[PDB]
Ligand SMILES: Nc1ncnc2c1ncn2[C@@H]1O[C@H](COP(=O)(O)OP(=O)(O)OP(O)(O)=S)[C@@H](O)[C@H]1O
Ligand SMILES: Nc1ncnc2c1ncn2[C@@H]1O[C@H](COP(=O)(O)OP(=O)(O)OP(O)(O)=S)[C@@H](O)[C@H]1O
Ligand SMILES: Nc1ncnc2c1ncn2[C@@H]1O[C@H](COP(=O)(O)OP(=O)(O)OP(O)(O)=S)[C@@H](O)[C@H]1O
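Residue numbers (full-length UniProt numbering), protein chains in the order written: chain A, 159 to 289, 293 to 431, 442 to 469, 530 to 845; chain B, 607 to 727.
So this is what it looks like as structure tokens:
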């Protein structure tokens, strides 16, 4: 009766059908039965990386014992799962634990070879009674005679920390190595569990969802292992579907809550403004509502789309079908990007191309998406281009990772981006390039001024470009599969179009230029196109003055006089920004803090033959 | 040999019919070991120091399944101290770590890549 209170049963639960059907892995089952039926030293320890199924094998053995495919030897054995937490429960007195354990063991030894014990997580055997080691190695003279069959299941790396420390126990246990499967059998494992999820959520799951979630989840979520990493998408997609069985969908709830919020704020202020955005949002919410009704007049199952929406929600790399939500943006993308960068169109199209080939799935699945270096003279706008394609992909400007290779003058500064080896000073922080990516892995990475780095940083990114893995000091292999790398330079500012390709080849190696994508050349500027830069700069400086709601009224002769002063094409578009302040800035500053330009109406600017007044 | 020839594609193709996959190989990259103290990430750390119960990255990926093929990509850039660690790997088959176990490389297929010269006659 001592086994009754301190231990449950599995075979009695298996006869009632409370275990999920265990599919595949006949080799490990036959190996466990082969180990388990020998004469002496008969207890397997299932060992593998966590998640691959090491309790499901024991439940499959329970299913086979209840069914009856076992041989004559293991005939009707009734596996009993023990505990180690409900035995050290209250034992503050001196001999209170030890007679308890010895009573359990005498009950196991008493019966006629029936009971096969099953301790899960057996690394807790070692530190049992903290008195001077007495407990845990009490069962050591009993395992050698083969008296309790003791099937266990511990992980791989919690084994050489505890059990290999105490190697007198280590030779009692045999070992069964359970490695993960591949996709080709994980599809078959998924297809058999598609009954219990229909019960707990009364919905229907298409087979296309399973063959998608096995294939799609192995490129994106790389922190888990193959069986455990693919069920969760199916379950959470079923929950996504069951949430919307409430009378409305999601967008309508979102919009209702949003407009209620803006309503609240607005009425509390009683700002205009919001008044408009209210109305617009009320138009939208109206339209959708009507659409909803329409549809009703005319969903209840999951498909291969909602799996992709789960994977796009978590680890926020979007990986859907492009269901028209951004297709109008991805066709108006060269047009949108040419609102902040003017000209250089032959290398704007070449960057738009490396995204539009990759949203539609044509590019190589295991290689970084965009890994290319663009260069030219100084002032063209090659840094402003990089901060303007992260502007509409992310609605951000600091979500990119700007790391700067003008500080890496010496050789040994490489370690600040890969972290210290194990045993030295900083071994908690890891890398700095690694740990910035491993959370939110979709950002854009810069490398400003690749010139002035020492020629040893180049041999670290030689495996970043081609096969997108990188290993930090710990051993977490982070992967740069779907980021966008950017390299800048200044080599050969105004030399030629062929001298510039003679200094690039002379500084790098014939194994590093080949790793790259298309190496681009930014051109110079033109005196005709300089006016449109002045337009954007004055628009920016007019937007800045919303602190005190002034604006500017600018005449065309001023707007072209500031363009005709954009001289010296050694410097590019940079000195025009200084010219804007030396004409308009300090003049308006002196005009401002002497009173008299209190906020409200703007000022007019006007030329006066050499300078310009206000 | 020279670059762009197929010297990495070969070492991933003979790991294809031995294992029925292409990701079950020990792929370490020695393009990062420019200095003399990145030995410790593949050999462990001596006892008494910070990361002690971690093993090495080369060591505790063999002792589990002692049959995987091992790469070594771009061995030129390693400082000539990593070669000293590699010297008893060859022709004996065993090395040590902090815990004091001699892991046996007696039946794996070591593979070394390089790009030296790249066009010598
Ligand atoms: N062959 C299989 N047949 C049926 N279900 C499986 C199979 N392999 C894995 N599973 C399921 O995948 C999950 C694996 O969970 P467990 O194996 O219990 O966790 P674990 O793999 O033992 O990891 P730890 O270390 O015990 S937390 C469960 O939901 C199992 O039902
Ligand atoms: N083509 C352009 N279109 C719009 N603004 C531009 C353009 N070129 C330059 N500018 C402006 O001038 C600034 C300088 O551009 P930058 O890209 O910083 O110069 P650069 O390309 O970094 O050259 P180096 O060699 O890196 S200093 C930008 O931040 C913009 O404000
Ligand atoms: N003879 C070949 N047969 C098939 N594919 C080849 C052949 N030669 C090259 N390739 C392809 O070339 C690409 C790159 O070859 P890699 O071997 O990866 O480069 P590499 O030969 O290692 O040179 P380095 O020094 O590493 S840059 C791969 O996609 C290979 O498939």
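Don't be surprised by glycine CBs; every beta carbon is placed ideally from N, CA and C.
request  = Give the single residue among A:279, A:659 and A:395 whose Cα lies nearest to the Cα of residue 704 of chain A.
outcome  = Along the first chain, read from residue 1 onward, the residue named residue 704 of chain A stands at position 473. Cα-wise, what sits closest to residue 704 of chain A is A:659.
request  = Mind listing which residues have their beta carbon within less than 5 angstroms of any non-hydrogen atom of ligand 3? Chain order is fine.
outcome  = In chain order, the residues that have a beta carbon nearer than 5 angstroms to some heavy atom of ligand 3 are A:742, B:609, B:611, B:612, B:613, B:614, B:615 and B:721.
ask   = Can you name the residues of chain A whose CB is closer than 9 angstroms to the CB of residue 713 of chain B?
value = Against the second chain, residue 713 of chain B aligns to sequence position 107. Here the premise fails: no neighbours, minimum Cβ distance about 17 angstroms.
task = Along the beta strand (DSSP E) that carries residue 556 of chain A, what are the first and last residues, could you check?
result = Stepping through the first chain from its first residue, residue 556 of chain A is reached at position 325. First-last for residue 556 of chain A: undefined, no H or E at that position.
request  = Pull up the CB-CB distance for residue 837 of chain A and residue 789 of chain A, whole angstroms please, since I reckon it's below 8 angstroms.
outcome  = Against the first chain, residue 837 of chain A aligns to sequence position 606. Against the first chain, residue 789 of chain A aligns to sequence position 558. Confirmed, about 7 angstroms.
ask   = Using a C-beta to C-beta distance shorter than 9 angstroms, which residues of chain A count as neighbours of residue 680 of chain B?
value = Locating residue 680 of chain B in the second chain gives position 74, where the first residue counts as 1. By Cβ distance, chain A contributes 690, 693, 694 and 742.
message = Taking only three categories from DSSP, how would you classify residue 606 of chain A?
response = Residue 606 of chain A sits at position 375 when you count from the first residue of the first chain. Of the three classes helix, strand and coil, the one that applies to residue 606 of chain A here is strand, per DSSP.
ask   = By Cβ distance, which residues of its chain are closer than 8 angstroms to residue 187 of chain A, with the 5 residues on each side in sequence left out?
value = Along the first chain, read from residue 1 onward, the residue named residue 187 of chain A stands at position 29. The beta carbon of residue 187 of chain A sits closer than 8 angstroms to those of 215, 218, 219 and 222, all from its chain and outside the five residues before and after it, given in chain order.
message = Whole angstroms are fine: how far does the CA of residue 330 of chain A sit from the CA of residue 298 of chain A?
response = Against the first chain, residue 298 of chain A aligns to sequence position 137. Against the first chain, residue 330 of chain A aligns to sequence position 169. If you take the alpha carbons of residue 298 of chain A and residue 330 of chain A, they lie about 8 angstroms apart.
task = Could you tell me how far apart the beta carbons of residue 246 of chain A and residue 640 of chain B are, in whole angstroms, since I believe they sit closer than 8 angstroms?
result = Residue numbering aside, residue 246 of chain A sits at position 88 when the first chain is read from its first letter. Residue numbering aside, residue 640 of chain B sits at position 34 when the second chain is read from its first letter. Wrong, their Cβ atoms sit about 52 angstroms apart, outside the cutoff.
ask   = Looking only at DSSP bridge pairs, what is residue 276 of chain A linked to?
value = As a working note, residue 276 of chain A is residue 118 in the first chain. In the DSSP assignment, residue 276 of chain A forms a beta bridge with A:239 and A:312.
inquiry  = Could you check if residue 324 of chain A belongs to the surroundings of ligand 1, using beta carbon to heavy atom distance under 6 angstroms?
reply    = Along the first chain, read from residue 1 onward, the residue named residue 324 of chain A stands at position 163. No, the beta carbon of residue 324 of chain A sits no closer than 6 angstroms to any heavy atom of ligand 1.
query = Of all the options A:746, A:313 and A:623, which has the alpha carbon lying nearest to the alpha carbon of residue 237 of chain A?
reply = Within the first chain, numbered from 1, the residue matching residue 237 of chain A stands at position 79. Nearest to residue 237 of chain A by C-alpha distance, out of A:746, A:313 and A:623, is A:313.
Distance, residue 168 of chain A Cα to residue 358 of chain A Cα = Reading the first chain from its first residue, position 197 is the one you call residue 358 of chain A. Reading the first chain from its first residue, position 10 is the one you call residue 168 of chain A. If you take the alpha carbons of residue 358 of chain A and residue 168 of chain A, they lie about 22 angstroms apart.
ask   = Do you know offhand how far residue 670 of chain B's Cα is from residue 336 of chain A's?
value = Along the second chain, one-based indexing puts residue 670 of chain B at 64. Along the first chain, one-based indexing puts residue 336 of chain A at 175. The straight-line gap from Cα to Cα measures roughly 11 angstroms.
ask   = Around the C-beta of residue 388 of chain A, are 16 or more other C-beta atoms found within 10 angstroms, so that it is buried, or is it exposed?
value = Counting from 1 along the first chain, the entry for residue 388 of chain A is found at position 227. So residue 388 of chain A counts as buried.
request  = List in chain order: all unbroken alpha helix (DSSP H) runs of 4+ residues lying wholly within the segment 172-202 of chain A.
outcome  = Scanning the segment 172-202 of chain A for uninterrupted alpha helix (DSSP H) segments of 4 residues or longer gives 184-194, listed from N- to C-terminal end.
query = When the cut-off is 7 angstroms and only beta carbons count, does residue 728 of chain B lie next to chain A?
reply = It is not possible to answer for residue 728 of chain B, since the shown part of chain B is limited to 607 through 727.
ask   = Quick one, which of A:735, A:724 and A:711 has its alpha-carbon nearest residue 801 of chain A's?
value = As a first step, residue 801 of chain A is located in the first chain; it is residue number 570 there, counting from the start. Residue 801 of chain A has its Cα closest to that of A:724, out of A:735, A:724 and A:711.
ask   = Which residue from A:652, A:304 and A:578 puts its Cα closest to that of residue 198 of chain A?
value = Position 40 of the first chain, counted from the start, is the residue given in the question as residue 198 of chain A. The option with the nearest alpha carbon to residue 198 of chain A is A:304.
query = Is residue 808 of chain A buried or exposed, if buried means 16 or more other CB atoms sit within 10 Å of its CB?
reply = Here residue 808 of chain A is taken as the residue at index 577 of the first chain, counted from 1. Looking at its Cβ environment, which holds fewer than 16 other Cβ atoms inside 10 Å, residue 808 of chain A is exposed.
request  = List the DSSP bridge partners of residue 678 of chain B.
outcome  = Counting from one through the second chain, the residue named residue 678 of chain B turns up at place 72. Residue 678 of chain B is bridged to B:634.
ask   = How many Å lie between residue 417 of chain A and residue 460 of chain A at the Cα?
value = Position 256 of the first chain holds residue 417 of chain A. Position 289 of the first chain holds residue 460 of chain A. In this structure, the straight-line span from the alpha carbon of residue 417 of chain A to that of residue 460 of chain A is close to 10 angstroms.
query = What residues from the segment 359-393 of chain A come within 7 angstroms of chain B, judged by C-beta to C-beta, listed N to C?
reply = none
message = According to DSSP, is residue 439 of chain A part of a helix, a strand, or is it coil?
response = Coordinates for residue 439 of chain A are absent; the numbering of chain A skips from 431 straight to 442.
message = Does chain A have any CB closer than 7 angstroms to the CB of residue 727 of chain B?
response = Here the question's residue 727 of chain B lines up with position 121 in the second chain. No, its Cβ sits nowhere closer than 7 angstroms to a Cβ of chain A.
request  = Would you give the residue range spanned by the beta strand (DSSP E) that residue 702 of chain A belongs to?
outcome  = Sequence index remark: in the first chain, residue 702 of chain A carries index 471 (1-based). Segment 700-702, the beta strand (DSSP E) holding residue 702 of chain A.
ask   = If we count the other Cβ atoms within 10 Å of its Cβ and call it buried at 16 or more, is residue 467 of chain A buried or exposed?
value = Sequence index remark: in the first chain, residue 467 of chain A carries index 296 (1-based). It is exposed - the Cβ of residue 467 of chain A has fewer than 16 other Cβ atoms within 10 Å.
task = Please confirm whether any heavy atom of ligand 5 lies closer than 6 angstroms to the CB of residue 764 of chain A.
result = This structure lacks ligand 5; the ligands present are ligand 1, ligand 2 and ligand 3.
message = At the 7 angstroms Cβ level, is residue 537 of chain A part of the contact set with chain B, yes or no?
response = Taking the first residue of the first chain as position 1, residue 537 of chain A is located at position 306. It does not; no Cβ of chain B falls within 7 angstroms.
task = Name the two residues that bound the continuous beta strand (DSSP E) containing residue 350 of chain A.
result = In the first chain, the residue the question calls residue 350 of chain A occupies position 189. Counting along the chain, residue 350 of chain A sits inside no beta strand (DSSP E); it lies in the alpha helix (DSSP H) bounded by residues 344-353.
request  = Would you check if the segment 617-628 of chain B and the segment 821-832 of chain A touch, i.e. whether three or more CB-CB distances between them fall below 8 angstroms?
outcome  = No: the two stretches stay apart, fewer than three of their Cβ pairs being nearer than 8 angstroms.
request  = Confirm, please, whether the CB-CB distance from residue 714 of chain B to residue 679 of chain B is below 7 angstroms.
outcome  = By 1-based counting over the second chain, the position of residue 679 of chain B is 73. By 1-based counting over the second chain, the position of residue 714 of chain B is 108. Result no, Cβ atoms of residue 679 of chain B and residue 714 of chain B do not sit closer than 7 angstroms.
ask   = Buried or exposed: residue 677 of chain A, going by 16 or more other Cβ atoms within 10 Å of its Cβ?
value = In the first chain, the residue the question calls residue 677 of chain A occupies position 446. Per the 10 Å Cβ criterion, buried.
inquiry  = Less than 7 angstroms between the beta carbons of residue 373 of chain A and residue 391 of chain A, yes or no?
reply    = On the first chain, position 212 is the one that residue 373 of chain A refers to. On the first chain, position 230 is the one that residue 391 of chain A refers to. No. Outside cutoff.
request  = At 9 angstroms on the CB atoms, spell out the chain B contacts of residue 745 of chain A, in chain order.
outcome  = Start at 1 with the first residue of the first chain, and residue 745 of chain A comes out as number 514. By Cβ distance, chain B contributes 609 and 610.
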